[PDB]
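*Asks:* Just passing along the structure, written as structure tokens.
The values are calculated or read from the model by the stated rules, or taken from the named source; these are not laboratory values. With ideal geometry, Cβ positions are generated from the backbone for all residues, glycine too; neighbour counts draw on all protein chains shown.
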Amino acid sequence: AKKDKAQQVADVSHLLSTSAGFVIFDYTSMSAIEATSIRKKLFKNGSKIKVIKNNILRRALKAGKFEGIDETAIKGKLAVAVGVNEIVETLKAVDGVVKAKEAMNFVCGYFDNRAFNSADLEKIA
Amino acid sequence: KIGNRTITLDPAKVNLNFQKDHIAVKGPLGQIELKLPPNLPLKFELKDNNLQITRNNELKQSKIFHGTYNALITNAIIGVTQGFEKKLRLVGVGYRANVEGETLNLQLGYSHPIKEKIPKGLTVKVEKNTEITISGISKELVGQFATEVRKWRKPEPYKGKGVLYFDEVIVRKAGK
Amino acid sequence: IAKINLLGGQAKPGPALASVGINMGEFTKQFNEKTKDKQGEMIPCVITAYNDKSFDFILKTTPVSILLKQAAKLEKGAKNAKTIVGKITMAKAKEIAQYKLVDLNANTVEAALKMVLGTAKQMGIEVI
Amino acid sequence: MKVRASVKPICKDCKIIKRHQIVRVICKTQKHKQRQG
Amino acid sequence: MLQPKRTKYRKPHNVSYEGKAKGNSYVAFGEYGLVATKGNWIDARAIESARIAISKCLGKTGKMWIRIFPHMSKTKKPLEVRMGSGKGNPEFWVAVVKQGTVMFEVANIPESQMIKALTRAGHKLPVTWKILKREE
RNA sequence: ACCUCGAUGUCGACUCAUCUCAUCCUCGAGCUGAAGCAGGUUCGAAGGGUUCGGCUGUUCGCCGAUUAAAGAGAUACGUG
RNA sequence: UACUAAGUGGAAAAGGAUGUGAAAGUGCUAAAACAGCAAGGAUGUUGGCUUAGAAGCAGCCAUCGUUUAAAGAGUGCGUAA
Ligand SMILES: O=C(N[C@H](CO)[C@H](O)c1ccc([N+](=O)[O-])cc1)C(Cl)Cl
Ligand SMILES: [K+]
Ligand SMILES: [Mg+2]
Ligand SMILES: [Mg+2]
Ligand SMILES: [Mg+2]
Ligand SMILES: [Mg+2]
Ligand SMILES: [Mg+2]
Ligand SMILES: [Mg+2]
Ligand SMILES: [Mg+2]
Ligand SMILES: [Mg+2]
Ligand SMILES: [Mg+2]
Ligand SMILES: [Mg+2]
Ligand SMILES: [Mg+2]
Ligand SMILES: [Mg+2]
Ligand SMILES: [Mg+2]
Ligand SMILES: [Mg+2]
Ligand SMILES: [Mg+2]
Ligand SMILES: [Mg+2]
Ligand SMILES: [Mg+2]
Ligand SMILES: [Mg+2]
Ligand SMILES: [Zn+2]
């Protein structure tokens, strides 16, 4: 209901407030066996892959007083990849996996109170 | 809903002359003419690159007309800009067709020779003896040609013989 | 991709592979080379059937609930779920879990623990 | 085509339609064609 | 074939079915019931057909109650017999169902199966049936 | 037991047929446990056709040989 | 002032139907509704008796659990399986 949604938006906003790195991905053509494989290869509590609602992600972003990420979450497939402390190895790991995949897009993310572009994601690895 | 669906069209080459009961659409290909039946319960408005169909009342036929002619306008615009194509897979042991002038002839399995007249505005090409492509600017006419070519040999379910449509699957039976 | 059943000690036959273009005779040595540590036991193999021809194969653990029967000291479980015959402690359950951790896709070891309970409920064996 | 006084779907894919003010049942399977509803 | 073991009088007057619902008006043993909407004479043969049909489509734990019973008999003069020479001999037993009497009831099996079970029971009977539930 | 006992001739056969469709053949189509040939069922359709004999008063019926078929009925169980 | 689209009116039942109008409740929805489209739609495993065989889709022993957004001892088709 509305109360559960209010609770949900509050906790995800808190999680993104206390976090340090974010990157957005799409859910196009990778298997659930592969999905379980990604969970085990990360194996770090700081790194977490999650399916988030597009609407809930923007509304939590408004509560996070950030800006510029809106272009990422428009007419797009949205993932959330939260990393605590160190995020470069998580980005390196996910980059190696998408290369092992068949096809994949890759949309701009958020880290260290700064935003990046698609090519800027290529060098963040 | 179809009635309240945008029909965004580029003004590059497509114009739409709205007379009382004669809609004219002109573009890259031939012109398509649509006849409006009298007392049509739906008024068009012509802004820049956007046509919006509105109705006067809440009648059943009013809603039915509002949807149907939006689709017809959509279909007319698409054919004028890029046309329509249908693909037929004529498959068999001695089945083959080819085009001479205005008549498409087929030799399916029949002692009597088979000829078929092509209507105006439709072009049918035969790249391979087992292949027929009907290209036109009016959807219903190319559909009528495709189905009337099919009527000579409807695809049977025991083997693949017949004038099949492309990417059309039939239920198979094993006639031991 | 084909999940094919081949005995660990006898894997040279099998005509189905030949339909895809796999080099059957060259690959027989690879099939037999890495299964000698588990001789006699039946070990299926997953085959990445594709046109690259460098078919990478992966072995697979024998199916579960046969070690449940061995640990319960009974050949066949009860034909009715309500009648409870076999009893299994946590030590026998955990040995199976660390054994079966290789084939399982669970992140943690307690998840593998409750797999033993899950299959034991199907066998009807009480978890004590 | 099967002519029956009562027409009802046989499989979950059967769909009831109204053509020419007569109710018929159409479906992927041609063995399930009914009329005279 | 439901039948009274003995009756005091072999040939009784027929019992009318026009009127409201006398007894057996509310579900009181099960919680779904097949109510009638048109009074008619229905015989013990129809009960057995409907009861066998419902029982076949029942399960392993469902339980049923039969309310109506064919107490009254009816006669039929033999064919090719001219009027006179007394009343005919009793032939078949019929239960008198009035508009509003609950005939069959079901319980102890999920909801979907009981509607289907009551449906097949009512298709075996001439009266126009309708489903009712038990008051809380 | 309503008309007819101051009279409505009742079976079968012959001649002439007419009408209905719940269609036997011919015509069109759907499904098939419809490979082809030959079938089964249902739907549409009454324009035409729908055999000759043995036994019996026979209708009916069995049998013989053909035919695309040897239809079901009504008309005072049509027609002195 | 409404209703009917059937010439119903201007003859009929058991039964069947997204015909249409009126009313009374209840679920979601611009924190996005329904349909459709684009993706995934899992692992132990193909669980085990059982059956020549069934192991996602023969009868069963029942009618598992984790990862996870989701996934069913599966929705059918179908495969000797
Ligand atoms: O009397 C005759 N016919 C009467 C007329 O009242 C009537 O038509 C009739 C005919 C047949 C019949 N029968 O077959 O028993 C009885 C009466 C004739 Cl015999 Cl003249
Ligand atoms: K007389
Ligand atoms: Mg008399
Ligand atoms: Mg009298
Ligand atoms: Mg008279
Ligand atoms: Mg006289
Ligand atoms: Mg005379
Ligand atoms: Mg007819
Ligand atoms: Mg004529
Ligand atoms: Mg003689
Ligand atoms: Mg008569
Ligand atoms: Mg006569
Ligand atoms: Mg006659
Ligand atoms: Mg008589
Ligand atoms: Mg005369
Ligand atoms: Mg005469
Ligand atoms: Mg004379
Ligand atoms: Mg009338
Ligand atoms: Mg209805
Ligand atoms: Mg209504
Ligand atoms: Zn069907």
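*Asks:* Cβ contacts < 8 Å: first residue more than 14 Å from chain D (Cβ to nearest Cβ), restricted to the stretch B:163-176; second residue of a type in the set (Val, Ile, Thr) and within 13 Å of RNA strand G (Cβ to nearest atom), any location; separation 6+ or different chain. Result?
*Replies:* Taking only residues 6 or more apart or on different chains, the pairs are B:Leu164/B:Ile170.
*Asks:* Please find, among A:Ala63, A:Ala32, the residue that is more than 24 Å from A:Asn117 (Cβ to Cβ) and without any contact (Cβ under 8 Å) to a residue 12 or more places away in the chain. Break it down into steps so the answer makes sense when it comes.
*Replies:* Numbers: A:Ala63 fails: without any contact (Cβ under 8 Å) to a residue 12 or more places away in the chain.
Going through A:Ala63, A:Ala32 in turn, just one is more than 24 Å from A:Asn117 (Cβ to Cβ) and without any contact (Cβ under 8 Å) to a residue 12 or more places away in the chain: A:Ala32.
*Asks:* Can you pull out every residue in the stretch D:16-28 that is near ligand 21 (Cβ under 9 Å from one of its atoms) and loosely packed, with under 12 Cβ neighbours inside 10 Å?
*Replies:* D:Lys28
*Asks:* Now a separate question. How about the stretch A:14-38: which of its residues are loosely packed, with under 14 Cβ neighbours inside 10 Å, within 14 Å of chain C (Cβ to nearest Cβ) and not polar (S, T, N, Q)?
*Replies:* Those that are loosely packed, with under 14 Cβ neighbours inside 10 Å, within 14 Å of chain C (Cβ to nearest Cβ) and not polar (S, T, N, Q): A:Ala32, A:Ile33, A:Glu34, A:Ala35.
*Asks:* Inspect the stretch B:108-128 for any residue being more than 26 Å from B:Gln31 (Cβ to Cβ), in contact with a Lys or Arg (Cβ under 7 Å, 6 or more places away or on another chain) and surrounded by 14 or more Cβ atoms within 10 Å (Cβ to Cβ) and give the result as yes or no.
*Replies:* yes
*Asks:* Restricting attention to the stretch C:82-113, which residues are exposed (fewer than 13 other Cβ atoms within 10 Å of the Cβ) and of a type in the set (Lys, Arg)?
*Replies:* Selection gives C:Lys82 alone.
*Asks:* Residues in the stretch B:84-98: is at least one of a type in the set (D, E, K, R), more than 30 Å from B:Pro37 (Cα to Cα), within 16 Å of RNA strand F (Cβ to nearest atom) and in contact with a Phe, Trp or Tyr (Cβ under 8 Å, 6 or more places away or on another chain)? Give the derivation first.
*Replies:* Let us first name the residues in the stretch B:84-98 that are of a type in the set (D, E, K, R), namely B:85-87, B:89, B:96.
Of the ones still in play, those that are also more than 30 Å from B:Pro37 (Cα to Cα) are B:87, B:89, B:96.
So of that shortlist, the ones also within 16 Å of RNA strand F (Cβ to nearest atom) come out as none.
No: zero hits.
*Asks:* A further question on this structure: Restricting the search to the stretch B:64-82, which residues are more than 13 Å from the chain's Cα centre (by Cα) and more than 15 Å from B:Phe44 (Cα to Cα)?
*Replies:* Of everything in the stretch B:64-82, those that are more than 13 Å from the chain's Cα centre (by Cα) and more than 15 Å from B:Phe44 (Cα to Cα) turn out to be B:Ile64, B:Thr81.
*Asks:* Check E:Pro12 against each of (1) in contact with an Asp or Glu (Cβ under 8 Å, 6 or more places away or on another chain); (2) touching a residue at least 60 places away in the same chain (Cβ under 8 Å) and name the one condition it does not meet.
*Replies:* (1)
*Asks:* Testing C:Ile58 on (1) exposed (fewer than 14 other Cβ atoms within 10 Å of the Cβ); (2) touching a residue at least 24 places away in the same chain (Cβ under 8 Å), one condition comes back false. Which one is that?
*Replies:* (2)
*Asks:* Of all residues in the stretch A:80-125, which are touching a residue at least 24 places away in the same chain (Cβ under 8 Å), touching a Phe, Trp or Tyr at 6+ places or on another chain (Cβ under 8 Å) and among the small types (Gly, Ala, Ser)?
*Replies:* Those that are touching a residue at least 24 places away in the same chain (Cβ under 8 Å), touching a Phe, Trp or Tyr at 6+ places or on another chain (Cβ under 8 Å) and among the small types (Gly, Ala, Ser): A:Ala81, A:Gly83, A:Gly109.
*Asks:* Across the stretch D:12-37, what is the number of residues that are within 14 Å of another protein chain (Cβ to nearest Cβ), within 10 Å of RNA strand G (Cβ to nearest atom) and hydrophobic (A, V, I, L, M, F, W, C)?
*Replies:* Here the count works out to 0.
*Asks:* Right, another one. Which of the following residues is more than 7 Å from RNA strand G (Cβ to nearest atom) and within 14 Å of chain A (Cβ to nearest Cβ): C:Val109, C:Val116, C:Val85, C:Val127?
*Replies:* On the way: C:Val116 fails: within 14 Å of chain A (Cβ to nearest Cβ); C:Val85 fails: within 14 Å of chain A (Cβ to nearest Cβ); C:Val127 fails: within 14 Å of chain A (Cβ to nearest Cβ).
Testing whether each residue is more than 7 Å from RNA strand G (Cβ to nearest atom) and within 14 Å of chain A (Cβ to nearest Cβ) leaves just C:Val109.
*Asks:* If the requirement is being within 21 Å of the chain's Cα centre (by Cα) and in contact (Cβ under 8 Å) with a residue 12 or more places away in the chain, which of these qualifies: C:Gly14, C:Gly9? Outline the logic, then answer.
*Replies:* On the way: C:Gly14 fails: in contact (Cβ under 8 Å) with a residue 12 or more places away in the chain.
After ruling out the rest, the residue left standing is C:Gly9.
*Asks:* Restricting to strands (runs of 3 or more DSSP E) lying wholly in the stretch E:1-120: which have 2 or more residues that are over 21 Å from E:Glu136 (Cα atoms)?
*Replies:* Values: elements: E:32-36, E:40-43, E:63-66, E:72-75, E:90-97, E:102-107.
Hits in the stretch E:1-120: E:40-43, E:72-75, E:90-97.
*Asks:* Can I ask one more? Can you name the residue in the stretch D:2-11 that is farther than 21 Å from B:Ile170 by Cα and within 14 Å of RNA strand F (Cβ to nearest atom) and is also farthest from the other protein chains (Cβ to nearest Cβ) among such residues?
*Replies:* So the first thing to find is which residues in the stretch D:2-11 are farther than 21 Å from B:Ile170 by Cα, and the list is D:2-9.
Adding the requirement that they be within 14 Å of RNA strand F (Cβ to nearest atom) leaves D:2-5, D:7.
Working: D:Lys2: 18, D:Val3: 21, D:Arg4: 15, D:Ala5: 14, D:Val7: 16 Å.
Across the stretch D:2-11, the extreme among qualifying residues is D:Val3.
*Asks:* Go through the stretch A:43-91 and count every residue that is farther than 22 Å from A:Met104 by Cβ and either polar (S, T, N, Q) or assigned to a loop (DSSP other than H, G, I, E, B) (or both).
*Replies:* Within the stretch A:43-91, residues that are farther than 22 Å from A:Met104 by Cβ and either polar (S, T, N, Q) or assigned to a loop (DSSP other than H, G, I, E, B) (or both) number 11.
*Asks:* Pick out the one residue from B:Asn98, B:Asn39, B:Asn75 that is outside the structural domain of B:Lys161 (by CATH) and in contact (Cβ under 8 Å) with a residue 12 or more places away in the chain.
*Replies:* Working: B:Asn98 fails: outside the structural domain of B:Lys161 (by CATH); B:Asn39 fails: in contact (Cβ under 8 Å) with a residue 12 or more places away in the chain.
So the residue among B:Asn98, B:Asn39, B:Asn75 that is outside the structural domain of B:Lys161 (by CATH) and in contact (Cβ under 8 Å) with a residue 12 or more places away in the chain is B:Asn75.
*Asks:* Residues to consider are C:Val102, C:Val85; find the one that is touching a residue at least 12 places away in the same chain (Cβ under 8 Å), over 17 Å from the mean Cα position of the chain (by Cα) and not assigned by CATH to the domain that holds C:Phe31. Spell out the reasoning first.
*Replies:* Numbers: C:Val102 fails: over 17 Å from the mean Cα position of the chain (by Cα).
On inspection, the qualifying residue turns out to be C:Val85.
*Asks:* Hey, another quick one. Filter the stretch A:39-61 for residues that are over 12 Å from the mean Cα position of the chain (by Cα) and away from chain C (no Cβ under 14 Å); which is surrounded by the most Cβ atoms within 10 Å (Cβ to Cβ)? Explain how you work it out, then say what you get.
*Replies:* Our first condition is that a residue be over 12 Å from the mean Cα position of the chain (by Cα); within the stretch A:39-61, this holds for A:39-46, A:55-56, A:58-61.
Then drop every residue that is not away from chain C (no Cβ under 14 Å), which leaves A:46, A:55-56, A:58-61.
Details: A:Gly46: 16, A:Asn55: 12, A:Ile56: 16, A:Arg58: 15, A:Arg59: 16, A:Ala60: 23, A:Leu61: 21.
Among them, the one singled out is A:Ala60.
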